[PDB]
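Each of two forms of one protein chain follows alone as structure tokens, named structure 1 and structure 2.
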Structure 1
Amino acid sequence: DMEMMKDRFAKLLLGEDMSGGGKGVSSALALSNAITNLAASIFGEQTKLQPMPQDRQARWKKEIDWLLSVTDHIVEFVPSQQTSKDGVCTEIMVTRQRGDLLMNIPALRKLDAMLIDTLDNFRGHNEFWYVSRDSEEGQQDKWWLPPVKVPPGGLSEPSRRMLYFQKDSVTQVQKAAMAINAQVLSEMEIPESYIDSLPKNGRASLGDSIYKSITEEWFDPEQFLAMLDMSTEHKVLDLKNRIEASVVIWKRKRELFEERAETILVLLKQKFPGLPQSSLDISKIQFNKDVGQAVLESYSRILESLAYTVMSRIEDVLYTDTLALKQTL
């Protein structure tokens, strides 16, 4: 709580550059990574659907507080008034937490607590259990996870009941987080290095046939997508990046094609709520210097992925239950 905190904070001022040359990254990028890395270490041990063991919980509670606590000091410096008991009104400047931090950080802490809460509902005895990956019973996707086993002939209905209930709870948590993430990302500045990577114009970025489709007389984003090869997640990714590239260009008449493209973007989000982040997203995070947004984005990201771990770990039990029932009726 001294020699422990000290290290973490100091490693951050070096900005990753342990030579001390300050050829490191921004204080923001250093914070984004620190959070990412911490969540991976803690969440990586959550391989079973059971409460997070008391000390891992303590580590998590306190470490993240350290990292999140920089946001307490990010302020708006605004004019206000005050009035003494004597009666006099004097003008002062005053300090309030920044707009996008006031509501969002506590929202994310609520989400954090909701997930730790949901794992806690598996305290003690559950009807499902886990086996060693490398035992005999273990050999009976992500191979590193202890195979889950379920009573032969199904799971008690009150057990299945709570499973479905927490999964919905977690799925609403995952969405909540993703919304905040998406929100931070939209407000992060477009890096100078991205605009430079951009092609000369729309057609070049969109490609010949795509550009002709988005510029036809009539346009239907539903027909459009059906026409294209969306078979692999890499392909949707490439399209999203191409469209995104256009929108950036155009936003510098052409508003129709511009509105048309943003219609597709929304559809891409709706038909593919799970996509990895676009070139632009990556670029924004890569170069962002705003430490407030740095924290909002990575915190929302790890929470999204904790939420996913739990959704994943629930879905295992359920799938496993289902298989054991299908072994009869």
Structure 2
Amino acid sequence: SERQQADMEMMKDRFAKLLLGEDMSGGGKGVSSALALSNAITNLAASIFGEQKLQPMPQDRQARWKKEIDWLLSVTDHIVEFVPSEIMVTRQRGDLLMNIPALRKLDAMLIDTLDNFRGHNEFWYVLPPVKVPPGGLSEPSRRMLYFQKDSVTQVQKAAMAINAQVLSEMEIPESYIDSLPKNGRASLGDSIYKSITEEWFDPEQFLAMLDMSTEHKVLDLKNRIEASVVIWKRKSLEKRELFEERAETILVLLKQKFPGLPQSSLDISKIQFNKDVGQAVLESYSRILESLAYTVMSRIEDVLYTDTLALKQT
């Protein structure tokens, strides 16, 4: 009963913070339910997985993750539209009907991968540098890590696609719009603008000419590009349509080249303003799974690389 009351109280605790909009003073100076849920999902990931060293994830930790995510996603079971079939039947909303199970499957793939850290990990830490045995890893460990890396590579890519898709369906706040420069030229700057409006264009060649050396330089570029697209989409026609398309092409290259880039000013604006509870759960859950899969991928990459140095050293 005590362990039982404690369980009920835990659920009550979680749903109260949500219903309060995070405002524990009571008087709803809080956030919307949609933002509360968005925040809760990202908070839970930070609590379960932390900053992520590659480490064992014991079964009890997998259990907290599973149930707490269950609680947070369960609202989506109640998000409904009516569809013809002659009758009108209630059906889960079309943007969640397959997306939610698709996300839960990526989640399970990720956990199943992290579960394989329960064995003998031959690497250790002293970002903390990772080391492997002087001879390098044993072959069974090397093969496990490659498989694990393949698995999280898959999750990262599928969750990034779901994330990008949901953000594309979320409304742009008037607050973002009023902040926009007057011009695509004004948001890009004169040098970048000239390049993107060139008669002949290769987005790979466009980016090689740029200083992309820091995470902050890339995010800056992304922010200017996204602004210019909003500016152009609201505004020659043939030619506006071309620059828009080239911009969207660069935005797609950035996601591939830089999967761990922070969220853009537009992303954050959409999230803060969004009142749609389904999209909030979609956006936050996909982002969380993409981000964890990316971090795990990179960390495994760190170990396999230093293993490559050791086999050359030995």
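For clarity, a rigid core is taken as the largest C-alpha set superposing within 1.5 Å between two forms. Residues are numbered by position in structure 1's sequence, first residue being 1.
Undergrad: Picking from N33, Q57, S27, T263, which residue has its CA shift by 2 Å or more between structures 1 and 2, once the rigid core of the two forms is superposed?
TA: Comparing the C-alpha positions, the one residue that moves 2 Å or more is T263.
Undergrad: Indicate whether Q174 shows a C-alpha shift of 2 Å or more between structures 1 and 2, with the rigid core used for the fit.
TA: It does not, since the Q174 C-alpha is displaced less than 2 Å between structures 1 and 2 after the core fit.
Undergrad: Superposed on the rigid core, does the Cα of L275 end up 2 angstroms or more away between structures 1 and 2?
TA: The answer is yes; the displacement is at least 2 Å.
Undergrad: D238: CA shift of at least 2 Å between structures 1 and 2 after core fit?
TA: Yes.
Undergrad: Given the rigid core as reference frame, how large is the C-alpha shift of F122 between structures 1 and 2? Answer in angstrom.
TA: A shift of 4.0 Å.
Undergrad: Once the rigid core is superposed, tell me how far the Cα of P152 moves between structures 1 and 2, in Å to one decimal.
TA: So the C-alpha of this residue moves 2.1 Å.
Undergrad: What is the C-alpha shift for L323 between structures 1 and 2, rigid core superposed, to one decimal in Å?
TA: Shift of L323 at C-alpha, rigid core superposed: 1.4 Å.
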